[PDB]
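Only one chain is given next, in structure tokens, and it is the form deposited in one PDB entry.
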């Protein structure tokens, strides 16, 4: 299966590799350190798992965070550093593997990031940029993540492509993860209440 947890410094080496195999903007290891040591509760990663039912050691693969653990995706989040406004977050980079589409990994990683951005850092909103050509990205941020498109930012990337400056106001009540655990409504919305026994 795929596990989703917070990111640590022991994840950034494999994160760089994931970015070098997927995204066009590449960063030095010093830049990942500046992210995970400035905002150590914001970034999230998606990995594989090998739960015990023998054992094994780690494979000498650039994708192995631990024995039986393979990085498939990540989200690199940060607050705004540049110098005069309310607190606001920023998705620096997001990558999910091609073969791990159609599982909600991108959506699950972003929701944790948006919730952590509001709870930990009290961010009013979070901004990002999307390549206009990437239609699958526009459907993710805008249509499912309730982001809103603002400007067009013609020729924003170094290659010459026009970005999609998007922003989303953050309210802890709406960002609650327990809000998007069901799909087909109507039906009974059964959820945990943290009081009754499970046995």
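Residue numbers count along the first chain shown, from 1. The term rigid core refers to the most C-alpha atoms you can superpose between the two forms while keeping them within 1.5 Å.
A.B. asks: Indicate yes or no: is residue 20 absent from the model in at least a third of the other PDB entries of this protein that were compared?
C.D. replies: No, residue 20 is modelled in every one of the other compared entries that cover both of its flanks.
A.B. asks: State whether residue 63, though modelled here, is left unmodelled in a third or more of the other entries compared.
C.D. replies: Yes, residue 63 lacks coordinates in at least a third of the other compared entries.
A.B. asks: Neighbours in the displayed sequence, residue 23 and residue 24 may still hide a gap; how many deposited residues lack coordinates there, none, 1 to 3, 4 to 9, or 10 or more?
C.D. replies: None; the chain is continuous from residue 23 to residue 24.
A.B. asks: Note how many residues of the deposited chain are left out of the model between residue 53 and residue 54; the options are none, 1 to 3, 4 to 9, and 10 or more.
C.D. replies: The entry has a long gap there, with 10 or more residues left out between residue 53 and residue 54.
A.B. asks: Is the mean CA B factor in the deposited entry higher across 4 to 12 or across 190 to 198?
C.D. replies: Stretch with the greater average CA B-factor: 190 to 198.
A.B. asks: Which is higher on average in the deposited entry, the C-alpha temperature factors of 64 to 72 or of 151 to 159?
C.D. replies: Taking the mean C-alpha B-factor of 64 to 72 and of 151 to 159, the larger value falls to 151 to 159.
A.B. asks: Name the residue from 49, 38, 133, 43 with the greatest C-alpha temperature factor listed in the entry.
C.D. replies: If I rank 49, 38, 133, 43 by C-alpha B-factor, first place goes to 133.
A.B. asks: Going by the CA temperature factor in the PDB record, which third of the chain does residue 84 belong to: lowest, middle or highest?
C.D. replies: According to the entry, residue 84 has a C-alpha B-factor in the chain's highest third.
A.B. asks: Can you tell me which third, lowest, middle or highest, the CA B-factor of residue 146 falls into for its chain?
C.D. replies: Answer is middle: the recorded C-alpha B-factor places it there.
A.B. asks: Taking the chain's C-alpha temperature factors as the reference, tell me which third residue 33 falls into: lowest, middle or highest.
C.D. replies: It falls in the bottom third of the chain.
A.B. asks: Classify residue 176 as lowest, middle or highest third according to the C-alpha B-factor given in the PDB entry, relative to its own chain.
C.D. replies: CA B-factor rank for residue 176: middle third.
Omitted from view is the form deposited in another entry, to which the following refers.
A.B. asks: If I superpose the two forms on their rigid core, does the C-alpha of residue 41 end up displaced by 2 Å or more between this form and the one not shown?
C.D. replies: Result for residue 41: no, shift under 2 Å.
A.B. asks: Superposing on the rigid core, does the Cα of residue 171 end up 2 Å or more away between this form and the one not shown?
C.D. replies: Result for residue 171: no, shift under 2 Å.
A.B. asks: With both forms fitted on the core, check whether the Cα of residue 157 differs by 2 Å or more between this form and the one not shown.
C.D. replies: Residue 157: C-alpha displaced by 2 Å or more between this form and the one not shown.
A.B. asks: Out of closer and farther, which fits the Cα atoms of residue 98 and residue 20 in the other form compared with this form, where the change is 3 Å or more?
C.D. replies: It is closer: in the other form, the C-alpha atoms of residue 98 and residue 20 lie at least 3 Å nearer than they do here.
A.B. asks: Your call: residue 90 and residue 158 CA atoms, closer or farther in the other form versus the shown structure, by 3 Å or more?
C.D. replies: Relative to this form, farther apart in the other form.
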